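Peer 1: This structure is in structure tokens; I'll ask about it shortly.
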Amino acid sequence: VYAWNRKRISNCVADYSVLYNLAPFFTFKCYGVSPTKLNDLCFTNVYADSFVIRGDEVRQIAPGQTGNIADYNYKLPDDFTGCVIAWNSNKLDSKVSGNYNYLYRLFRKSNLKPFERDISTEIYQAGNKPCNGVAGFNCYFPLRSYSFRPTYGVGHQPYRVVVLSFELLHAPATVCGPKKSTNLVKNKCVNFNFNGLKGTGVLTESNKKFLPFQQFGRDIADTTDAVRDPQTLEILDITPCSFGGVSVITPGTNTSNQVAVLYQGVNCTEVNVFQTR
Amino acid sequence: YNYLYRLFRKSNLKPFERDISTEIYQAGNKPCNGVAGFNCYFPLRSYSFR
Amino acid sequence: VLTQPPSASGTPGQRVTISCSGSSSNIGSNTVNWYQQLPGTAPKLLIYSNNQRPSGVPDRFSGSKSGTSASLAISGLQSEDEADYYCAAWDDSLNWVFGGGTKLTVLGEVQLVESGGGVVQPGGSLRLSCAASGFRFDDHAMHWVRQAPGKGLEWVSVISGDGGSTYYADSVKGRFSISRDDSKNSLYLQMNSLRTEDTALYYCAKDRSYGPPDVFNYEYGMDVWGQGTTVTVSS
Amino acid sequence: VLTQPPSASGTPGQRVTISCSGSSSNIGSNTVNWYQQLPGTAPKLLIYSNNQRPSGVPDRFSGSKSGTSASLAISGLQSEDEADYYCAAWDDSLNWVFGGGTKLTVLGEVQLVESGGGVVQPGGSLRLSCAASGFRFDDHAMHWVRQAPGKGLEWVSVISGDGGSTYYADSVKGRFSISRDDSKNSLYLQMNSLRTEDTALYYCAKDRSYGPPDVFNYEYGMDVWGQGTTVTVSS
Amino acid sequence: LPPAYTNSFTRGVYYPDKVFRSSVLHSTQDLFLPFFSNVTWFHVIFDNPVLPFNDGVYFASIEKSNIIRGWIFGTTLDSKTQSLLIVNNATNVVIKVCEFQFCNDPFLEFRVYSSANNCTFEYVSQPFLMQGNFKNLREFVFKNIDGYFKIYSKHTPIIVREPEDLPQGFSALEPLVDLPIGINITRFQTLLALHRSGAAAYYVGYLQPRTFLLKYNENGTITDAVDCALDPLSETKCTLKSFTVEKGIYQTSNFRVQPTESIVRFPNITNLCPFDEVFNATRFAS
Amino acid sequence: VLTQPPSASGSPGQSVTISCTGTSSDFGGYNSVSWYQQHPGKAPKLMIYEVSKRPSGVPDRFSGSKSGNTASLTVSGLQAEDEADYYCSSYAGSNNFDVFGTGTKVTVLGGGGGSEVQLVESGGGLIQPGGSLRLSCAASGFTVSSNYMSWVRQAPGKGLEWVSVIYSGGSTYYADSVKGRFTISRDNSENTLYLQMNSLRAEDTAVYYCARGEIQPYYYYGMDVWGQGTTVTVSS
Ligand SMILES: *[C@@H]1O[C@H](CO)[C@@H](O)[C@H](O)[C@H]1NC(C)=O
Ligand SMILES: *[C@@H]1O[C@H](CO)[C@@H](O)[C@H](O)[C@H]1NC(C)=O
Ligand SMILES: *[C@@H]1O[C@H](CO)[C@@H](O)[C@H](O)[C@H]1NC(C)=O
């Protein structure tokens with residue numbers, strides 16, 4: 001808790017759905033948004049901060065609260081848009097040999113600024129005396145270890161808590177999340193949403209030789225004609241859907257009522273029957 | 001008690017259609033059968049004044 | 001508030017799909033819990049945290065949390081699977097909202113017993129007792145889940161294993177006092193301002209978490225139930 | 001807030017132009033004051049009201065207030081004009097904002113002494129004394145203009161010649177108490193809530209106006225300074 | 001050094017976007033290098049100046065094997081603001097936007113800087129971005145937009161052993177990196193692999209917002225490009241979508257001489273206010 | 001709520017070995033059970049804080065081992081003349097008051113801090129019911145603004161209980177007895193630290209004690225110094 005990591009993760013597709021099956025977590029409270037909607041929001045960089053506290057201290061990790069750890073080791077303002085993911089770790093972080101490894105900085109002068117790490121080891125000076133380094137009656141060790149033992153009960157066990165702070169500064173967002181991708185229907189007028197490029201057409205197989213860097217493709221006069229599949233390399237062709245004008249040939253309402261219907265721009269296979277120019 | 005106020009309904013109302021109701025609301029699918037259990041009351045909330 | 005079909009249907013051999021719809025304030029921020037209750041006997045936990053299952057629950061049940069609603073699946077149902085299915089979720093407003101029930105009918109070891117019921121004078125009431133036998137009461141939480149005769153279940157109050165913060169329902173707040181003691185496994189619940197609308201069983205349900213189910217939104221569940229007393233005030 | 005070149009330059013023989021930019025809330029509604037301070041000695045008034053000059057200041061300096069900014073001009077500078085130039089203005093929000101300083105370096109009778117400094121225990125402090133010798137203390141106002149070693153100057157508090165309403169800065173408000181007495185020329189400034197960020201000189205500056213510099217926005221200035229004490233708390 | 005200047009021929013026409021075009025003429029309006037401009041002839045035979053980065057630069061390199069490697073793009077080259085120290089080490093490229101100010105001098109072992117602060121990108125690209133009388137020319141177009149730092153590159157193995165100067169021939173650049181880091185860049189610093197233990201000379205131009213008509217081949221590559229405001233012939237080839245202009249007279253854009261001075265003349269001033277008689281009296285009022 | 005023996009007088013100094021049962025756990029986290037010897041008149045004095053390593057004092061009372069689920073303070077062989085009350089502290093859960101025990105009469109016979117830092121109070125003689133009375137414990141020695149102090153009240157017959165806990169400079173926690181009607185306000189950071197009554201509800205008649213150190217999360221602090229209390233004597 002006095003020296004916690006600040007891993008700045010960016011430039012990845014953060015699949016938060018996988019985090020629900022990595023480890024048997026015991027706390028997945030996200031204050032900012034819903035986990036379902038989190039996979040559709042881009043972010044610049046996520047700050048992962050991990051630490052170890054007791055079971056009775058997990059309640060102290062909140063966006064604004066006091067406590068022996070909430071205002072002495074790690075404080076969260078009232079803007080935390082991440083999660084408070086935490087889980088018990090009383091399987092490998094507790095042996096009967098003396099757990100004089102951790103500490104929680106029992107002594108302090110005042111409340112620290114939220115989102116700040118204080119890596120200090122100086123002797124706590126309780127005023128009215130210059131302590132150049134001494135331990136008696138005026139100045140003591142401001143650090144104290146825990147008493148984690150395997151033969152104990154829940155509430156005072158090693159609980160690993162990791163928060164994922166989110167931020168959006170004046171910088172382009174790198175991490176966005178998963179992106180669903182369906183199959184591709186060939187030789188059928190359907191809709192497409194290829195990398196923001198939205199429209200409708202008949203995705204057919206083309207023989208165009210695109211450059212290794214080109215993705216989209218236009219025509220002589222401002223119209224998309226062929227694009228590159230974001231999946232395995234395949235050159236497709238986007239031709240607009242089947243449309244035409246309907247004309248009615250009628251001999252007049254004086255001898256009969258039989259009429260003929262002419263669909264323009266069709267091959268009699270996309271609407272006796274005759275096919276003319 | 002002379003100024004009544006209805007409560008939420010599981011279906012939207014209709015324009016120019018009176019909403020006179022005297023039964024007991026059924027939260028979800030558990031009929032409380034008149035006696036008010038949990039989340040089931042009468043849509044006759046009396047407006048409080050001072 | 002949770003939406004659940006009143007009574008679905010189905011044929012043996014195939015599978016059905018029971019759903020539970022809820023807003024993002026309760027399901028979108030927590031985990032849904034599916035409970036199974038046989039008609040006549042005490043309820044029992046079926047699916048907790050939507051991903052794991054207890055040791056007693058076989059692989060014949062599965063749950064998913066796609067979106068803001070929970071989906072149950074029972075591959076290969078039989079006559080033994082004819083029971084009541086309830087959905088429960090802890091809302092962010094310090095409350096525990098239960099479902100309505102699913103009458104999935106198809107026509108082809110620690111004891112947690114409690115007592116302290118009995119008909120009493122209206123207006124006032126008595127204390128509600130509970131007990132167990134060697135289950136580490138200090139390291140587990142307890143819930144009060146009452147069930148009216150013929151009606152569904154609802155959560156009344158919660159006591160954590162630490163013995164600090166406690167929570168009540170939206171209607172029993174103030175006039176209820178839940179507490180424990182340093183003696184053997186026990187639980188005290190004093191009721192006040194009896195409005196005669198309390199004809200239920202008051203199940204003293206055992207849980208597995210330690211703190212109040214508000215900070216632990218992924219471990220909170222409910223262990224094996226216990227035989228409850230039938231308290232009928234009836235004014 | 002006033003924008004001023006931190007450290008400009010210049011050559012002998014010709015003239016330079018030091019500017020001071022400010023919003024219409026302080027410069028647009030009041031008059032800018034230019035102060036000259038030699039390195040090592042006490043400061044002195046250079047230009048007041050941007051139109052007149054003191055008797056000691058020769059015609060070698062000039063100032064203009066074209067628009068919302070002040071412009072200085074020194075026709076025919078020499079080695080004696082190598083000093084720090086500060087811009088000061090009274091804002092309409094009851095405050096006196098000073099400049100930053102202009103390092104215009106070129107490489108080719110009533111005493112107002114005060115005292116009462118000394119290193120003290122942090123948290124608390126002592127009183128700040130000031131005195132003079134027959135300068136009609138009743139018909140003149142007093143200012144506290146402290147100067148940190150190496151840093152610039154800033155206004156702390158101001159008491160009018162009437163002895164009624166006094167003004168404090170945005171950081172020394174509340175924890176400071178400035179007052180006078182019916183005895184000989186003196187000034188008592190008690191400080192409280194010492195935050196160790198007070199290493200300065202606390203110049204007991206003499207003024208010429210009578211009321212507080214909020215109603216007289218064309219006559220307010222600052223007379224000859226005085227030798228101040230070096231108070232260094234250093235926690 | 002007295003930096004010389006050379007006449008840059010038609011070179012530096014990069015692809016504005018990724019769109020396939022076959023046998024057409026595309027008139028784009030963007031940041032390009034003006035044809036027949038002056039480019040500084042900084043010779044690396046010692047030299048390491050700081051250049052102003054206005055909107056994009058055109059860096060050249062005629063190094064033999066590894067003479068010119070690395071870029072020190074940045075805003076102030078200080079520890080307060082961030083910078084960019086994209087380097088090309090042994091079969092790898094390092095792209096970091098950390099705020100490493102400097103150590104002693106931009107020379108090169110990572111002897112370019114010696115400090116440690118908080119970074120924003122650690123792009124370690126495995127594919128590197130980089131015959132007796134056969135030199136090698138490498139052109140790099142650096143452009144900065146609101147949210148990207150685009151770097152186009154092209155490697156052409158020149159053959160002629162003439163005096164060092166830009167050759168004759170059109171050669172576009174292909175995009176390879178699309179760094180999405182957002183940081184203001186205003187200063188360009190170069191550096192060479194010293195390795196102490198006429199060699200080479202880099203050409204650095206300046207991009208300008210102009211219009212260019214580019215011809216796309218049937219394959220999908222740009223064969224040539226024509227400016228729009230270089231000469232009246234360029235204006236004619238720009239206003240008409242054709243590089244083979246027929247014989248005749250064609251109406252190009254209109255001209256209008258913009259004014260230079262501005263006079264505001266009001267009437268003579270008279271009938272002064274009597275305020276002078278107000279502020280000068282003996283008995284004013286009660 | 002803890003379990004303590006009402007009295008203990010048989011077999012003086014041979015098999016007394018008083019303790020405090022009613023834990024049914026492993027003392028929560030930090031196994032630090034303190035023992036306070038409340039004496040009529042002057043303020044109580046600390047006897048031992050851990051299971052071993054007794055502080056500077058009487059050396060005939062040690063070996064406070066945690067047997068079963070209770071700390072058995074071995075007091076046999078101490079003396080045969082004592083009139084005081086032994087109280088133990090446990091239940092170190094997060095924000096859980098009432099850590100003291102009930103009145104245990106450990107009189108083996110029955111019949112037969114002053115100049116360390118400072119000891120001062122307010123002296124609330126004949127306190128009017130209500131109003132706002134301030135009680136201070138100005139200490140000319142240890143800093144009254146950096147150490148972790150507390151306030152504990154006790155009434156005739158009833159045992160002690162935690163009434164006010166305050167951390168270094170960023171916590172103003174109150175006990176469950178007041179539930180909000182008590183507002184702690186720190187005085188000047190270099191003079192003293194006082195309290196505030198804030199319209200008592202006739203239950204504040206008990207005498208107060210401003211301790212320079214915490215009770216349940218007790219630290220060595222060099223030495224444990226207490227101060228005499230004052231009688232409120234409400235007239236509600
Ligand atoms: C996506 O993965 C499949 C795996 O078979 C591969 O064939 C395809 O080329 C990949 N596409 C891209 C562009 O990553
Ligand atoms: C890096 O440190 C600087 C220090 O001023 C800070 O402003 C910046 O936000 C930090 N993050 C980056 C950009 O690495
Ligand atoms: C362009 O496309 C044609 C298609 O047949 C191909 O033969 C040729 O190699 C490509 N490149 C050139 C050199 O035109």
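Residues are referred to by chain and number: the chain letter is A, B, ... according to the order shown in the structure tokens, the number counts from 1 in that chain, and ligands are numbered separately from 1 in the order shown.
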Please return, as a PyMOL selection string, all residues of chain C lying within 6 Å of chain B when only C-alpha atoms are considered.
Peer 2: chain C and resi 3+6+100
Peer 1: Near residue 55 (chain D), within 12 Å and counting only C-alpha atoms, which residues show up once chain neighbours fewer than 6 positions away are dropped, as an mmCIF file with N, CA, C and O atoms, in the first residue's frame?
Peer 2:
data_model
loop_
_atom_site.group_PDB
_atom_site.id
_atom_site.type_symbol
_atom_site.label_atom_id
_atom_site.label_comp_id
_atom_site.auth_asym_id
_atom_site.auth_seq_id
_atom_site.Cartn_x
_atom_site.Cartn_y
_atom_site.Cartn_z
ATOM 1 N N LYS D 44 12.101 52.430 -4.382
ATOM 2 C CA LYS D 44 11.693 53.827 -4.394
ATOM 3 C C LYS D 44 10.669 54.036 -5.500
ATOM 4 O O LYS D 44 10.670 53.324 -6.508
ATOM 5 N N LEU D 45 9.794 55.017 -5.294
ATOM 6 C CA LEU D 45 8.774 55.332 -6.285
ATOM 7 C C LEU D 45 9.406 55.952 -7.524
ATOM 8 O O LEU D 45 10.269 56.830 -7.429
ATOM 9 N N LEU D 46 8.971 55.491 -8.694
ATOM 10 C CA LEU D 46 9.468 55.994 -9.968
ATOM 11 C C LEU D 46 8.424 56.791 -10.735
ATOM 12 O O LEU D 46 8.672 57.946 -11.094
ATOM 13 N N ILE D 47 7.256 56.207 -10.994
ATOM 14 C CA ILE D 47 6.191 56.871 -11.740
ATOM 15 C C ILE D 47 4.855 56.520 -11.101
ATOM 16 O O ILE D 47 4.533 55.340 -10.930
ATOM 17 N N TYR D 48 4.077 57.543 -10.756
ATOM 18 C CA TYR D 48 2.755 57.367 -10.176
ATOM 19 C C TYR D 48 1.711 58.037 -11.060
ATOM 20 O O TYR D 48 1.941 59.117 -11.612
ATOM 21 N N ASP D 223 4.978 56.385 -1.073
ATOM 22 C CA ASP D 223 6.064 57.314 -0.793
ATOM 23 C C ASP D 223 7.369 56.543 -0.597
ATOM 24 O O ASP D 223 7.479 55.361 -0.933
ATOM 25 N N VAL D 224 8.384 57.227 -0.061
ATOM 26 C CA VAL D 224 9.695 56.615 0.125
ATOM 27 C C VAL D 224 9.582 55.393 1.026
ATOM 28 O O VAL D 224 8.845 55.388 2.020
#
Peer 1: Fewer than 2 positions away in the same chain doesn't count, so skip those; otherwise give me all residues within 7 Å of region 213-221 of chain F, counting only C-alpha atoms, as number ranges by chain.
Peer 2: A: 137; F: 89-90, 92, 99, 148-150, 211, 223-224
Peer 1: Store the residues picked out above in a file with N, CA and C atoms, as a PDB file, in the first residue's frame.
Peer 2:
ATOM      1  N   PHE A 137      10.341   7.705  22.966  1.00  0.00           N
ATOM      2  CA  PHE A 137       9.541   8.662  23.727  1.00  0.00           C
ATOM      3  C   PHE A 137       9.160   9.915  22.941  1.00  0.00           C
TER       4      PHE A 137
ATOM      5  N   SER F  89      -8.952  -5.453  26.803  1.00  0.00           N
ATOM      6  CA  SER F  89      -9.359  -4.897  25.521  1.00  0.00           C
ATOM      7  C   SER F  89      -9.192  -5.944  24.429  1.00  0.00           C
ATOM      8  N   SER F  90     -10.210  -6.073  23.586  1.00  0.00           N
ATOM      9  CA  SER F  90     -10.205  -7.038  22.492  1.00  0.00           C
ATOM     10  C   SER F  90     -11.188  -6.555  21.431  1.00  0.00           C
ATOM     11  N   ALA F  92     -10.822  -6.184  17.917  1.00  0.00           N
ATOM     12  CA  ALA F  92     -10.117  -5.154  17.166  1.00  0.00           C
ATOM     13  C   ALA F  92     -10.665  -4.956  15.757  1.00  0.00           C
ATOM     14  N   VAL F  99     -14.764  -1.808  23.375  1.00  0.00           N
ATOM     15  CA  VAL F  99     -13.722  -2.830  23.454  1.00  0.00           C
ATOM     16  C   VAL F  99     -13.359  -3.199  24.883  1.00  0.00           C
ATOM     17  N   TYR F 148      -1.986  10.148  18.321  1.00  0.00           N
ATOM     18  CA  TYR F 148      -3.336   9.601  18.211  1.00  0.00           C
ATOM     19  C   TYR F 148      -3.930   9.509  19.612  1.00  0.00           C
ATOM     20  N   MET F 149      -4.815  10.445  19.937  1.00  0.00           N
ATOM     21  CA  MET F 149      -5.463  10.500  21.238  1.00  0.00           C
ATOM     22  C   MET F 149      -6.907  10.015  21.136  1.00  0.00           C
ATOM     23  N   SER F 150      -7.525   9.813  22.299  1.00  0.00           N
ATOM     24  CA  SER F 150      -8.896   9.328  22.355  1.00  0.00           C
ATOM     25  C   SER F 150      -9.560   9.842  23.625  1.00  0.00           C
ATOM     26  N   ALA F 211      -7.141  10.271  26.814  1.00  0.00           N
ATOM     27  CA  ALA F 211      -5.938   9.455  26.752  1.00  0.00           C
ATOM     28  C   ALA F 211      -5.082   9.866  25.562  1.00  0.00           C
ATOM     29  N   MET F 223       5.656   5.635  26.712  1.00  0.00           N
ATOM     30  CA  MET F 223       5.033   5.388  28.002  1.00  0.00           C
ATOM     31  C   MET F 223       3.554   5.735  27.914  1.00  0.00           C
ATOM     32  N   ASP F 224       2.753   5.064  28.739  1.00  0.00           N
ATOM     33  CA  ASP F 224       1.312   5.281  28.792  1.00  0.00           C
ATOM     34  C   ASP F 224       1.011   6.194  29.976  1.00  0.00           C
TER      35      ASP F 224
END
Peer 1: Any chance you could list, as a PDB file with N, CA, C and O atoms, in the first residue's frame, the residues in region 82-140 of chain F that come up strand (DSSP E or B) when DSSP is run on the backbone?
Peer 2:
ATOM      1  N   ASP F  85      -9.741  -2.504  39.724  1.00  0.00           N
ATOM      2  CA  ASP F  85     -10.536  -3.261  38.768  1.00  0.00           C
ATOM      3  C   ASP F  85      -9.712  -3.483  37.508  1.00  0.00           C
ATOM      4  O   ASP F  85      -9.168  -2.529  36.944  1.00  0.00           O
ATOM      5  N   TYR F  86      -9.623  -4.734  37.071  1.00  0.00           N
ATOM      6  CA  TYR F  86      -8.863  -5.093  35.881  1.00  0.00           C
ATOM      7  C   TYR F  86      -9.794  -5.157  34.679  1.00  0.00           C
ATOM      8  O   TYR F  86     -10.813  -5.858  34.712  1.00  0.00           O
ATOM      9  N   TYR F  87      -9.444  -4.429  33.621  1.00  0.00           N
ATOM     10  CA  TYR F  87     -10.208  -4.417  32.382  1.00  0.00           C
ATOM     11  C   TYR F  87      -9.313  -4.844  31.229  1.00  0.00           C
ATOM     12  O   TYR F  87      -8.128  -4.498  31.189  1.00  0.00           O
ATOM     13  N   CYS F  88      -9.882  -5.596  30.291  1.00  0.00           N
ATOM     14  CA  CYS F  88      -9.154  -6.080  29.129  1.00  0.00           C
ATOM     15  C   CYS F  88      -9.757  -5.491  27.861  1.00  0.00           C
ATOM     16  O   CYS F  88     -10.921  -5.078  27.840  1.00  0.00           O
ATOM     17  N   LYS F 105     -14.106  -7.394  39.959  1.00  0.00           N
ATOM     18  CA  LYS F 105     -13.565  -7.098  41.284  1.00  0.00           C
ATOM     19  C   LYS F 105     -12.453  -8.096  41.583  1.00  0.00           C
ATOM     20  O   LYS F 105     -12.712  -9.242  41.956  1.00  0.00           O
ATOM     21  N   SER F 136     -10.553  20.262  27.718  1.00  0.00           N
ATOM     22  CA  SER F 136      -9.243  20.185  27.092  1.00  0.00           C
ATOM     23  C   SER F 136      -8.273  19.414  27.979  1.00  0.00           C
ATOM     24  O   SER F 136      -8.457  19.304  29.194  1.00  0.00           O
TER      25      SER F 136
END
Peer 1: Compute the set of protein, DNA and RNA residues whose minimum atom distance to ligand 3 is at most 8 Å, using only C-alpha atoms and all ligand atoms, and state it as an NGL selection string.
Peer 2: (:A and (209)) or (:E and (217-220))
Peer 1: May I have the selected residues written with N, CA and C atoms, as a PDB file, in the first residue's frame?
Peer 2:
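Result saved to again.pdb:
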ATOM      1  N   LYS A 209      -6.043  -5.402 -58.187  1.00  0.00           N
ATOM      2  CA  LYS A 209      -4.756  -5.533 -57.505  1.00  0.00           C
ATOM      3  C   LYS A 209      -4.538  -4.278 -56.667  1.00  0.00           C
TER       4      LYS A 209
ATOM      5  N   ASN E 217      -2.008   5.268 -61.910  1.00  0.00           N
ATOM      6  CA  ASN E 217      -1.816   4.266 -62.942  1.00  0.00           C
ATOM      7  C   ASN E 217      -2.905   3.198 -62.854  1.00  0.00           C
ATOM      8  N   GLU E 218      -2.953   2.338 -63.875  1.00  0.00           N
ATOM      9  CA  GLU E 218      -3.926   1.251 -63.876  1.00  0.00           C
ATOM     10  C   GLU E 218      -3.641   0.241 -62.772  1.00  0.00           C
ATOM     11  N   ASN E 219      -2.454   0.286 -62.262  1.00  0.00           N
ATOM     12  CA  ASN E 219      -2.179  -0.654 -61.260  1.00  0.00           C
ATOM     13  C   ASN E 219      -2.855  -0.096 -60.083  1.00  0.00           C
ATOM     14  N   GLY E 220      -2.516   1.122 -59.760  1.00  0.00           N
ATOM     15  CA  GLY E 220      -2.995   1.751 -58.546  1.00  0.00           C
ATOM     16  C   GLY E 220      -1.976   2.657 -57.887  1.00  0.00           C
TER      17      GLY E 220
END
Peer 1: Please report as JSON, numbers by chain which residues of chain A come no farther than 12 Å from chain C, using only C-alpha atoms.
Peer 2: {"A": [17, 20, 21, 22, 23, 24, 25, 26, 27, 28, 29, 30, 31, 32, 33, 34, 35, 36, 37, 38, 39, 54, 55, 56, 57, 58, 59, 60, 61, 62, 83, 84, 85, 86, 87, 88, 152, 153, 154, 155, 156, 157, 159, 161]}
Peer 1: Output the neighbourhood of ligand 1 as a PyMOL selection string, that is, all protein and nucleic acid residues with some atom at most 8 Å from the ligand, counting only C-alpha atoms and all ligand atoms.
Peer 2: chain A and resi 229-233
Peer 1: Could you check the closest approach to ligand 2 for each of A:111, A:151, A:68, A:45 and tell me which residue wins, using only C-alpha atoms and all ligand atoms?
Peer 2: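 So, comparing all the options, the nearest one is A:45.
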Peer 1: Quick one: residues within 9 Å of residue 4 (chain E), only C-alpha atoms, excluding same-chain residues fewer than 5 positions away - as a short mmCIF file (atom, residue, chain, number, x, y, z; two decimals) with C-alpha atoms, in the first residue's frame?
Peer 2:
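So the final result, stored in result.cif, reads:
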data_model
loop_
_atom_site.label_atom_id
_atom_site.label_comp_id
_atom_site.auth_asym_id
_atom_site.auth_seq_id
_atom_site.Cartn_x
_atom_site.Cartn_y
_atom_site.Cartn_z
CA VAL E 39 16.06 23.05 -49.82
CA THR E 40 18.99 23.49 -47.45
CA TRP E 41 22.11 21.52 -48.37
CA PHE E 42 23.33 20.67 -44.85
CA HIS E 43 26.36 18.43 -45.37
#
Peer 1: Can you tell me, as number ranges by chain, what residues are no more than 6 Å from residue 2 (chain C) when counting only C-alpha atoms, ignoring any on the same chain fewer than 4 positions away?
Peer 2: C: 21-22, 99
Peer 1: Do you know which residues are within 7 Å of ligand 2 using only C-alpha atoms and all ligand atoms? Can you write them as a list in words?
Peer 2: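 Answer in the requested format: residues 80, 82, 98, 117, 118, 119 and 120 of chain E.
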Peer 1: Could you dump the residues just selected with N, CA, C and O atoms as a tab-separated table (two decimals), in the first residue's frame?
Peer 2:
chain	number	residue	atom	x	y	z
E	80	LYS	N	10.48	19.55	-19.38
E	80	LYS	CA	9.12	19.96	-19.02
E	80	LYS	C	8.10	19.34	-19.96
E	80	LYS	O	7.15	18.68	-19.52
E	82	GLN	N	7.07	16.97	-23.53
E	82	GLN	CA	7.46	15.71	-24.13
E	82	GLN	C	8.21	15.95	-25.44
E	82	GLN	O	8.32	17.07	-25.93
E	98	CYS	N	8.55	9.66	-24.69
E	98	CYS	CA	8.92	10.05	-23.34
E	98	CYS	C	9.57	11.43	-23.34
E	98	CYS	O	10.05	11.93	-24.36
E	117	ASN	N	11.88	9.44	-16.89
E	117	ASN	CA	10.64	10.13	-16.56
E	117	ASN	C	9.47	9.26	-17.03
E	117	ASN	O	9.65	8.11	-17.43
E	118	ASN	N	8.31	9.86	-17.16
E	118	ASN	CA	7.15	9.07	-17.46
E	118	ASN	C	6.75	9.16	-18.89
E	118	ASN	O	6.54	10.23	-19.43
E	119	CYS	N	6.63	8.01	-19.50
E	119	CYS	CA	6.51	7.87	-20.95
E	119	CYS	C	5.05	7.62	-21.33
E	119	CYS	O	4.18	7.43	-20.49
E	120	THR	N	4.81	7.62	-22.65
E	120	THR	CA	3.48	7.38	-23.18
E	120	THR	C	3.43	6.35	-24.30
E	120	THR	O	2.34	5.90	-24.66
Peer 1: Using only C-alpha atoms, find which residues of chain F lie within 7 Å of chain A and jot them down as a CSV table (one decimal) with N, CA and C atoms, in the first residue's frame.
Peer 2:
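Done, and the output landed in result.csv:
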chain,number,residue,atom,x,y,z
F,26,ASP,N,-10.1,-15.5,17.0
F,26,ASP,CA,-8.6,-15.3,17.2
F,26,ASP,C,-8.2,-13.9,17.4
F,28,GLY,N,-9.4,-11.3,16.1
F,28,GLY,CA,-9.4,-10.5,14.9
F,28,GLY,C,-8.0,-10.5,14.2
F,29,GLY,N,-7.4,-9.3,14.2
F,29,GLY,CA,-6.1,-9.1,13.5
F,29,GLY,C,-5.0,-9.0,14.5
F,30,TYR,N,-4.5,-7.8,14.8
F,30,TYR,CA,-3.4,-7.7,15.7
F,30,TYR,C,-3.7,-8.2,17.1
F,94,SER,N,-12.7,-3.5,12.5
F,94,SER,CA,-12.7,-2.1,11.9
F,94,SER,C,-13.9,-1.3,12.4
F,143,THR,N,3.2,16.2,21.6
F,143,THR,CA,2.4,17.1,20.7
F,143,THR,C,0.9,16.7,20.8
F,146,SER,N,-0.3,15.8,16.8
F,146,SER,CA,0.3,14.8,15.9
F,146,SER,C,0.1,13.4,16.4
F,147,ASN,N,0.0,13.2,17.7
F,147,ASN,CA,-0.2,11.8,18.2
F,147,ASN,C,-1.7,11.4,18.1
F,168,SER,N,-4.7,11.3,13.2
F,168,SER,CA,-3.7,12.4,13.2
F,168,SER,C,-4.3,13.7,12.8
F,169,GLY,N,-4.9,13.9,11.6
F,169,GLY,CA,-5.4,15.1,11.2
F,169,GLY,C,-6.6,15.0,10.2
F,170,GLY,N,-7.0,13.8,9.9
F,170,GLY,CA,-8.0,13.6,8.8
F,170,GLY,C,-9.1,12.7,9.2
F,171,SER,N,-9.5,12.6,10.5
F,171,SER,CA,-10.5,11.7,10.9
F,171,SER,C,-11.2,12.3,12.1
F,221,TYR,N,4.4,4.1,22.2
F,221,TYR,CA,4.4,5.5,22.5
F,221,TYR,C,5.3,5.9,23.7
F,222,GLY,N,6.4,5.1,23.9
F,222,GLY,CA,7.3,5.4,25.0
F,222,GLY,C,6.8,5.0,26.3
Peer 1: Quick one: residues within 6 Å of residue 19 (chain F), only C-alpha atoms counted, chain neighbours fewer than 6 positions away excluded, as a ChimeraX atom specification?
Peer 2: /F:71-73
Peer 1: Select from chain F every residue with an atom at most 12 Å from any atom of chain D, then for each give the shortest pair of atoms and their distance in Å to one decimal, using only C-alpha atoms, rows by chain and rising number, as JSON lines.
Peer 2:
{"residue": "F:145", "atom": "CA", "partner": "D:123", "partner_atom": "CA", "distance": 11.7}
{"residue": "F:188", "atom": "CA", "partner": "D:193", "partner_atom": "CA", "distance": 9.1}
{"residue": "F:189", "atom": "CA", "partner": "D:123", "partner_atom": "CA", "distance": 7.6}
{"residue": "F:190", "atom": "CA", "partner": "D:123", "partner_atom": "CA", "distance": 6.9}
{"residue": "F:191", "atom": "CA", "partner": "D:124", "partner_atom": "CA", "distance": 9.9}
